[PDB]
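What follows is a short report on a single structure.
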Amino acid sequence: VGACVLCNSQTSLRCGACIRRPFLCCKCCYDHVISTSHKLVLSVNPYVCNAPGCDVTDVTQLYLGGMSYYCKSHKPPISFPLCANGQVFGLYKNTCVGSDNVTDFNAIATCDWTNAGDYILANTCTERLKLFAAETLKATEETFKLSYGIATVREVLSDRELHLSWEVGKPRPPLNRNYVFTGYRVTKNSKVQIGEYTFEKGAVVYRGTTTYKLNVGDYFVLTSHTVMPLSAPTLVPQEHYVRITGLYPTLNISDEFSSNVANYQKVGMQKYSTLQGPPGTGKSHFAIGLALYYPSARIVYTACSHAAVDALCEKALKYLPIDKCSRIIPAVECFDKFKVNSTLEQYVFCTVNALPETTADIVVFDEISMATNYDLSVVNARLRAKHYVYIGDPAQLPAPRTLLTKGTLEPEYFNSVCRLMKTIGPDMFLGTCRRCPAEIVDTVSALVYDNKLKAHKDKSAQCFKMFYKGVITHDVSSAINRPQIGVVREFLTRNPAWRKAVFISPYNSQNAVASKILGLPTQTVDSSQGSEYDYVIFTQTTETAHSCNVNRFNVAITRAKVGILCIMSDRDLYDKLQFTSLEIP
Amino acid sequence: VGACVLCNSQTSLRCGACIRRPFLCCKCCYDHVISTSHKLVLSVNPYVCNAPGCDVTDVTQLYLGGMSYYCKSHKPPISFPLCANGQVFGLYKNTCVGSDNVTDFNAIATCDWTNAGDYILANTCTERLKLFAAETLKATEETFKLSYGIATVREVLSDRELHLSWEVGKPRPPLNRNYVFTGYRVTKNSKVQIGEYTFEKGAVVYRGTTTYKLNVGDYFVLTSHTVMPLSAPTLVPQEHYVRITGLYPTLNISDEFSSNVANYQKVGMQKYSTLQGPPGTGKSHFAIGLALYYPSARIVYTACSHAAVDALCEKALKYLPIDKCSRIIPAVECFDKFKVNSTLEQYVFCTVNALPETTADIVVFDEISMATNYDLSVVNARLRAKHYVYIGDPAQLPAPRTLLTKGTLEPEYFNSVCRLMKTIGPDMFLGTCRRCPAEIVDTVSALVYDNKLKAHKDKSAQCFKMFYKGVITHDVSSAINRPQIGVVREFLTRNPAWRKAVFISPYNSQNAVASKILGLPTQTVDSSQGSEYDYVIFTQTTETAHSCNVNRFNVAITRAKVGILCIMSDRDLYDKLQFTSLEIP
Amino acid sequence: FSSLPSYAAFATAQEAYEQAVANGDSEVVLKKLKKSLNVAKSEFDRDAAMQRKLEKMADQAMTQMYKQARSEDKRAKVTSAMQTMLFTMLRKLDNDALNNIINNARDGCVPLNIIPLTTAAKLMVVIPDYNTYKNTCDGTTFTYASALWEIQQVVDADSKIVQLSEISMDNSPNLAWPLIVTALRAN
RNA sequence: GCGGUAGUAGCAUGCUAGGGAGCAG
RNA sequence: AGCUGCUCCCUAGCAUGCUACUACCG
Ligand SMILES: [Zn+2]
Ligand SMILES: [Zn+2]
Ligand SMILES: [Zn+2]
Ligand SMILES: [Zn+2]
């Protein structure tokens with residue numbers, strides 16, 4: 001027992017029927033339970049009538065019957081209503097202030113997190129209430145994700161190709177590269193240890209963790225975690241230092257980090273670093289640059305996935321002596337180039353999923369778009385450093401949301417730090433980019449790139465443009481273009497030097513079937529971070545908003561040192577982004 | 001204590017004066033107690049006036065007496081009537097919805113199961129009420145079968161011939177081949193272990209279990225069981241697969257089973273196999289055909305009697321390897337060609353009477369005609385496999401009913417599955433028969449054989465038929481024709497090659513006596529299953545409905561590869577079925 | 001009680017009484033109305049105060065009935081548990097040695113203390129220190145109770161496996177030192 | 001005016017029952 | 001994780017008893 005969230009007074013009650021059973025005071029809980037449909041409260045004992053085999057679970061109908069709570073037809077001669085006076089009988093009934101404006105918590109509870117206003121309230125509410133919204137999001141997605149089917153493989157067709165069989169009553173969720181499956185191997189006693197995999201249609205193509213034998217009867221299931229409550233908020237109430245505290249500047253100047261010397265002082269006197277950095281503007285070069293700002297300082301690496309800490313690592317093998325550094329991995333498939341099970345050190349690479357509890361000096365965050373309110377806050381919830389960096393930008397895709405069907409989340413309300421670049425403003429950016437020719441910078445600036453970025457090296461006049469509409473026949477959550485992959489069929493072979501490029505499609509089924517005629521490597525822009533290639537191909541597929549919005553293009557256009565093909569179907573960003581247009585074969 | 005059958009709500013009361021004391025709710029119990037004359041209810045204690053040496057057992061005249069229930073003339077000053085408000089005082093008096101239409105269970109309770117409407121309600125009522133009706137039928141038969149006399153043998157005349165004596169107050173039942181006797185050998189302490197025997201008039205002829213000495217004073221009694229309640233219904237709510245689940249088709253085709261290939265897929269996607277199959281059309285050949293459809297499958301062989309599992313076995317010595325196979329026999333005389341006391345295997349043959357509890361894949365049912373609502377449901381009450389076979393047909397005789405004296409049971413209401421071939425339709429049948437020439441196929445089709453079947457090989461023109469009337473003087477339940485066995489006397493010796501045939505009679509007294517002039521083996525069509533012979537004789541005897549009807553005639557005619565004799569007395573099926581007719585000597 | 005016969009009589013009696021009081025007719029009218037509403041509250045007393053012992057007694061009976069049902073279910077549960085235990089421990093003693101030593105008795109009675117000594121298939125020895133180990137369970141096989149046993153598996157007080165090569169006189173001070181030897185009866 | 005019976009409220013003694021705790025052999 | 005004996009505190013029930021107030025009647 002303890003204090004409540006909305007009210008901060010000590011209480012002993014819960015919403016039984018609500019999601020994550022928060023602490024709520026007498027009048028506090030009364031408002032929450034009378035304004036909406038949660039009508040089950042838990043004290044040290046639950047509020048139910050102990051009548052043998054009775055049914056009722058309401059709160060406003062049960063009464064007191066001496067030692068216990070009883071039903072109306074069950075109650076003794078004279079009683080005392082448990083729910084009166086505008087209060088529910090509980091601990092600390094006097095020191096309770098309550099509240100009037102309860103529409104916030106009521107909406108957050110009764111919501112299903114399906115539409116845009118859901119997240120509008122999730123951010124625009126109280127910060128503790130937004131932590132609660134984060135945990136409610138996690139619980140809802142966990143409950144909805146195990147509710148799908150079980151992959152009961154029965155055949156063995158080939159390697160990376162099998163046949164699927166699923167049970168009655170549960171549909172089969174979108175076999176995407178977004179949500180990883182999880183399987184266990186059968187035996188007479190138990191069934192365990194196959195790992196996490198990723199399936200899609202083929203015959204069924206599977207993406208396996210590590211090579212082994214494919215047995216019969218093994219199930220592949222989207223398993224869930226045991227998510228836990230949060231302690232610290234998203235970020236700290238912020239501050240500007242009077243001095244360079246716990247820090248002292250360097251003595252020399254670094255060639256690769258001469259472009260960021262103006263970025264050293266500006267955050268050495270505050271906690272956070274509000275980054276506005278497009279993919280490939282020296283995004284991670286400062287993660288090793290500001291690292292050697294003072295090698296005695298304790299820098300904390302975070303990552304969205306193991307691929308993010310790999311991009312944070314794939315250049316740490318040259319400038320960083322490995323005398324004392326490590327990365328955290330719990331008891332899979334990834335780079336492990338540093339120490340394992342070493343935590344308190346000079347440099348700690350880490351994915352937020354298994355970060356230990358310590359205190360340090362620097363915190364080099366990994367791209368902020370993927371982070372929601374939950375996982376960004378986990379860092380300061382376990383490791384409370386007292387000045388930060390927030391590498392990343394809402395300029396790219398976030399971590400996707402499963403049942404977001406009505407109008408998709410806006411490019412402002414990703415998470416907490418995300419909003420104050422267009423509410424207070426940014427301080428962080430490199431005036432130089434790293435891949436982009438003139439085609440990928442200036443016209444992209446009229447987008448949410450703020451009319452801010454120049455080109456690295458000058459124009460190539462080589463990124464292609466199309467003029468068509470496309471014909472589509474779509475599967476359960478995927479859609480392939482017979483003609484629009486037939487139009488690129490003419491562009492590829494008739495431009496013989498064009499095929500060092502990787503064609504990407506967010507409907508990876510397109511990349512599944514395009515390898516049958518062309519064989520180019522498959523890739524989706526879901527994990528377009530880390531991929532940095534010279535020639536790239538892209539298409540529009542459907543002209544609907546699953547890919548048409550700003551954050552869905554700009555992960556794919558900003559890729560090339562030379563050029564990218566863009567097969568257009570719609571006219572919005574066809575009129576927005578301009579490239580060289582030619583004749584249609 | 002638990003839920004009631006009519007209501008599915010928890011209760012604590014019994015219909016005490018009623019047959020099988022089923023669970024009934026408060027309103028349920030009041031309807032059943034006030035609509036008809038069972039007026040004795042049992043709570044955790046009985047509703048009986050505890051006055052010393054009282055006599056009242058009624059429910060509505062007893063009153064409360066404080067701790068106990070007390071009689072009107074013995075009740076305390078102020079009481080509380082136990083049966084008012086339209087309810088009987090019992091547990092869970094609130095959560096009981098009751099029912100209005102109680103005529104069904106009332107009629108099922110008060111009936112004696114002697115006429116046709118009895119079984120009409122036993123079938124057309126609720127399926128759980130069909131379980132209850134099956135148990136009620138079994139209880140009525142068990143209490144009526146022991147109520148007959150005791151066979152007190154006191155003589156020793158010869159082997160298979162003795163003399164009977166029965167006590168006062170009990171008649172001796174029909175000495176039939178339908179109900180088996182049971183004897184126990186006398187000694188000074190107890191009397192046990194002679195076995196199951198079958199008697200009839202001689203002198204008294206006995207069909208003995210196994211050879212032993214016939215002592216003096218041994219009784220032979222129609223001993224009853226201690227039958228138990230049921231759990232599972234007749235059959236599972238049905239379903240058609242989207243795949244071949246729990247199964248995988250074979251690779252080759254079989255010569256013996258190329259006539260059934262079209263029947264493989266048709267139930268490979270559902271549970272039950274409702275079969276319309278005339279006796280001997282490949283009736284059991286598919287049991288070994290579908291068995292090796294997939295030899296890894298778990299196939300459950302049921303049996304009607306050990307003769308039925310023998311007909312299942314009498315062909316299994318060749319196409320089946322005995323590497324892992326068995327049949328069940330509890331601690332007698334029959335074939336036991338496989339493992340004993342082995343249950344969970346590749347194949348287990350079994351008679352439902354002693355089947356254990358496991359889980360399997362295939363269930364090959366033996367002919368459904370005998371099976372009642374009880375016995376067919378027993379199999380899935382103990383072994384719940386999840387696709388079934390229902391080999392059998394209402395085309396033949398069922399197991400007889402003892403006191404079925406009024407209107408005989410109709411050929412549609414045998415059991416559950418037997419109704420939906422002329423209510424929904426049948427799916428299984430072999431378009432080939434195995435013995436029948438032209439005389440026993442096409443004309444039989446105008447009967448309940450659906451104008452469906454052809455001959456195996458063509459006409460023989462050898463079946464015999466007569467034109468007479470018959471004269472009968474009958475015993476307690478048997479009837480012998482002195483003249484009509486005298487007219488076949490002229491047919492036999494004056495056709496010297498006629499005497500390979502066996503003469504049949506439902507009144508085996510005819511076959512008992514015809515052996516005194518002819519000596520041909522005795523046989524009745526009570527167990528005409530398994531008997532498949534070249535030459536056969538039959539006669540009509542009395543023209544009444546005991547043997548003239550559809551399932552009573554057709555059980556005998558479908559027998560010969562060449563021909564059978566048909567001695568008619570009535571003109572219904574003389575005009576119905578036509579054969580070779582000649583002059584009467 | 002709210003809808004019992006006394007209520008209508010009492011209510012209408014006082015309604016008419018007070019309507020006539022508002023009329024204010026006589027001096028005996030007050031006495032008569034007050035006597036009526038004395039004897040009509042003498043109906044709402046027996047019918048509304050003693051009617052409530054019936055309900056309380058019925059509830060006493062109902063709670064007793066619930067208690068008896070629960071106590072009756074627990075008995076069946078424990079009966080099943082006990083007979084399952086008996087039958088499961090039965091399936092280990094019906095050997096051929098037990099039949100032998102029972103058919104060698106002159107009445108079928110034998111002392112119980114000799115049943116494990118002559119029929120048990122496995123032996124367990126608990127050893128406090130090294131000298132006792134050297135006197136009893138030395139080597140791979142030993143003799144005891146007129147039989148010969150062969151060793152398999154040795155553990156210590158922590159239930160951790162010890163190899164037969166570690167039980168020496170020099171390595172003794174490094175072992176958790178009750179030792180438990182398990183041996184099998186040799187034919 | 002008193003006695004009795006039927007009601008309502010408070011107090012006292014003990015008797016059973018349920019729960020928590022302490023000591024001794 | 002046992003068999004007894006003694007003591008303190010809290011709750012509920014019933015009987016008995018005391019005392020007080022209303023009603024009927026004599
Ligand atoms: Zn709630
Ligand atoms: Zn209740
Ligand atoms: Zn009844
Ligand atoms: Zn009585």
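Order of the sequence lines fixes the chain letters, A, B, ..., with proteins taken first and strands second; residue numbering starts at 1 for each chain. The figures that follow rest on heavy atoms only: side chains count, while hydrogens, waters and symmetry mates do not.
Taking the side chain as every heavy atom from C-beta outward, B:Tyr69 and B:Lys75 never approach each other to under 4.5 Å.
Comparing D:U8, E:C24, D:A6 by their nearest atom to the side chain of C:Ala49 picks out D:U8.
With rounding to whole Å, C:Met50 atom CE is found 9 Å from D:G7 atom P. Regarding C:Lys41, its NZ atom lies at a distance of 11 Å from the P atom of E:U22, rounded to whole Å. Atom CG in C:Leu33 sits roughly 12 Å away from atom P in E:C24 (whole-Å rounding). With rounding to whole Å, C:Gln60 atom CD is found 11 Å from E:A12 atom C1'. The separation between C:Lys67 atom NZ and D:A17 atom P is 14 Å, rounded to whole Å. The CG-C1' distance, from C:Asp45 to E:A23, rounds to 10 Å in whole Å. The CZ-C1' distance, from C:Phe10 to E:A23, rounds to 12 Å in whole Å. Atom pair A:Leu64:CG and E:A12:P shows a separation of 12 Å (rounding to whole Å applied).
In this structure D:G1 sits in no base pair that meets the Watson-Crick or G-U test at under 3.5 Å. Judged by Watson-Crick or G-U wobble contacts below 3.5 Å, the nucleotide E:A20 has D:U8 as its partner.
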Enumerate, atom names and distances included, each donor-acceptor pair closer than 3.5 Å involving a side-chain atom of residues 44-62 of chain A, sequence neighbours excluded.
from: A:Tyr47; atom 1: OH; to: A:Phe89; atom 2: O; distance (Å): 2.4
from: A:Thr60; atom 1: OG1; to: A:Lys39; atom 2: NZ; distance (Å): 2.5

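Shown here is C:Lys134, whose NZ atom has no more than 12 heavy atoms of other residues, nucleotides or ligands within 6.0 Å.
Aromatic ring centres of A:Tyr63 and A:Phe80: separated by at least 6.0 Å.
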